Structures are given as structure tokens and as C-alpha cells.
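There are 10 protein chains.
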Amino acid sequence: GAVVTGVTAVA
Amino acid sequence: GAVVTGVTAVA
Amino acid sequence: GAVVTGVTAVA
Amino acid sequence: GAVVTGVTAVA
Amino acid sequence: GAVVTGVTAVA
Amino acid sequence: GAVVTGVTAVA
Amino acid sequence: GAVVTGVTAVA
Amino acid sequence: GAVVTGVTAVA
Amino acid sequence: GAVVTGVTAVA
Amino acid sequence: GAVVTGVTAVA
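Here the protein sequences line up with chains A, B, C, D, E, F, G, H, I and J, keeping their order.
Counting from 68, one number per residue, gives the positions in the first sequence under the deposited numbering.
Counting from 68, one number per residue, gives the positions in the second sequence under the deposited numbering.
Counting from 68, one number per residue, gives the positions in the third sequence under the deposited numbering.
Counting from 68, one number per residue, gives the positions in the fourth sequence under the deposited numbering.
Counting from 68, one number per residue, gives the positions in the fifth sequence under the deposited numbering.
Counting from 68, one number per residue, gives the positions in the sixth sequence under the deposited numbering.
Counting from 68, one number per residue, gives the positions in the seventh sequence under the deposited numbering.
Counting from 68, one number per residue, gives the positions in the eighth sequence under the deposited numbering.
Counting from 68, one number per residue, gives the positions in the ninth sequence under the deposited numbering.
Counting from 68, one number per residue, gives the positions in the tenth sequence under the deposited numbering.
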């Protein structure tokens with residue numbers, strides 16, 4: 068099917 | 068300061 | 068300061 | 068200060 | 068101060 | 068079926 | 068089915 | 068099916 | 068400061 | 068199917 072990964076960061 | 072926005076989707 | 072918004076969805 | 072909003076959904 | 072809002076749903 | 072997990076935090 | 072995980076944080 | 072993961076952060 | 072926006076999607 | 072990964076960051 069589908070594997071959707073999102074990361075938005077200020078580290 | 069900081070404005071951090073993240074969207075992860077299967078629409 | 069900080070405004071952090073996250074959305075994770077299957078619509 | 069801080070405004071943190073999170074949404075996780077299957078709609 | 069702080070405004071923290073979380074929503075987890077299957078609608 | 069479905070496994071939906073949401074975490075919103077200021078730690 | 069579906070495995071949806073969301074994390075929104077200020078740590 | 069689907070595996071959707073989202074991370075929004077200020078660490 | 069900083070304005071960080073991320074979008075990850077299968078539409 | 069599909070494997071979609073997105074990273075947006077200020078580290």
C-alpha cells in the first residue's frame with residue numbers, strides 16, 4: 068500500500 | 068520566535 | 068514565542 | 068508563550 | 068503562557 | 068482495522 | 068488496515 | 068494498507 | 068526568527 | 068505501492 072513519513076523541525 | 072507547521076497525509 | 072502545528076491524516 | 072496544536076485522524 | 072490542543076480521531 | 072495515536076505536548 | 072501516528076511538540 | 072507518520076517539533 | 072513548513076503527501 | 072518521505076528542518 069503506502070508508507071508516508073513527514074518530519075518538520077527546529078532542533 | 069518560531070512558526071513551525073507540518074502536514075503528513077494520504078487524501 | 069512559538070506557534071507549532073502538526074496534522075497527520077488519512078482522509 | 069506557546070501555541071501547540073496537533074491533529075491525528077482517519078476521517 | 069501556553070495554549071495546547073490535541074485531537075485524535077476516527078470519524 | 069485502525070491504530071491511531073496522537074501526542075500534543077509542551078514538556 | 069491503517070496505522071496513523073502524529074506527534075506535535077515543544078520539548 | 069497505509070502507515071502514515073508525522074512529527075512537528077521545536078526541540 | 069524562523070518560519071519552517073513541511074508537507075509530505077499522497078493525494 | 069508508494070514510499071514517500073519528507074524532511075524540512077533548521078538544525
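The beta-carbon is built from N, C-alpha and C at its ideal position, and this holds for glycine as well.
query, result
"Beta-carbon gap between D:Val-70 and E:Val-77 smaller than 7 Å", "no"
"G:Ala-76 in three-state terms, based on DSSP", "strand"
"Cβ neighbour criterion (16 or more within 10 Å) applied to I:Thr-75", "buried"
"For G:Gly-68 and J:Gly-68, the rounded distance between their alpha carbons", "14 Å"
"For E:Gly-73 and D:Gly-73, the rounded distance between their alpha carbons", "5 Å"
"Within chain G, the residues that C:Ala-69 reaches when beta carbons sit closer than 7 Å", "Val-77"
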